[PDB]
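Given next, in structure tokens, is a single chain: the form deposited without its partner chain.
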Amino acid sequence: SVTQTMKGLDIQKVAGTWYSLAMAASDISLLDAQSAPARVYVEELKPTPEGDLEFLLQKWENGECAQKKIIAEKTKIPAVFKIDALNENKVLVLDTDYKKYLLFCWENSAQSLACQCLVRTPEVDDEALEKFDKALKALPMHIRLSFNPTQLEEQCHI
């Protein structure tokens, strides 16, 4: 279970452009295939005035790169959002400095977990990846992926 949250998170300040630099998951099958369920690439975070968090995503499905929009609804805890879908899915914000990196996890209630290291630019931020790997020491992850700057500038990181 993810216990790591961002104290004093200001959700309006995570708005805008992000790159999915690194991804990790509890199960190999969540990230292995181009089309695996957690292989989702962030384009934009769009907080609402009410304080919900909209994700603009890309996903490989039916041999191509589709736009997806997910709304994660606010809870009583600022760093935790709930995705209305068939299953009880939580989004947790682990850590961010707003200007360079943001760490988040998706988790279900069976237990499945997928986390990402987001960065503001198409660059390999070794300090952000250090914070990401420190966070995942606490988590039972079995696959980890990372992308180069060329991939980061392509649709679905091809």
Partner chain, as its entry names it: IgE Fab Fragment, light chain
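Residue numbers count along the first chain shown, from 1.
Missing deposited residues between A110 and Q111: 1 to 3, all without coordinates in the entry.
The stretch 60-68 shows the higher mean C-alpha B-factor when 60-68 is compared against 121-129 in the entry. Judged by mean Cα B factor in the deposited record, 136-144 ranks above the other of 17-25 and 136-144. Placement of the Cα temperature factor of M6 within the chain: middle third of the modelled residues, per the deposited record. When the modelled residues of the chain are ordered by their C-alpha B factor, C156 lands in the middle third. In the PDB entry, a CA B factor belonging to the highest third of its chain's modelled residues is recorded for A33. Ranked against the other modelled residues of its chain, the C-alpha B-factor of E44 as given in the entry falls in the lowest third. The entry lists a Cα temperature factor for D97 that places it in the middle third of the chain's modelled residues.
Separately, the form solved in complex with its partner chain exists; it is not shown, and the next lines address it.
Using a 4.5 angstroms heavy atom cutoff to its partner chain in the deposited bound form, none of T48, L53 and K74 count as contacting. Though the partner is left out of this view, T5 does not reach within 4.5 Å of its partner chain in the deposited bound form, counting heavy atoms only. Shown alone here, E127 lies farther than 4.5 Å from its partner chain in the deposited bound form, counting heavy atoms only.
Contact annotation for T96: none of its heavy atoms lies within 4.5 Å of its partner chain in the deposited bound form. Contacts of stretch 65-91 with its partner chain in the deposited bound form, defined by any heavy atom lying within 4.5 Å, are made by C65, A66, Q67, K69, listed in sequence order.
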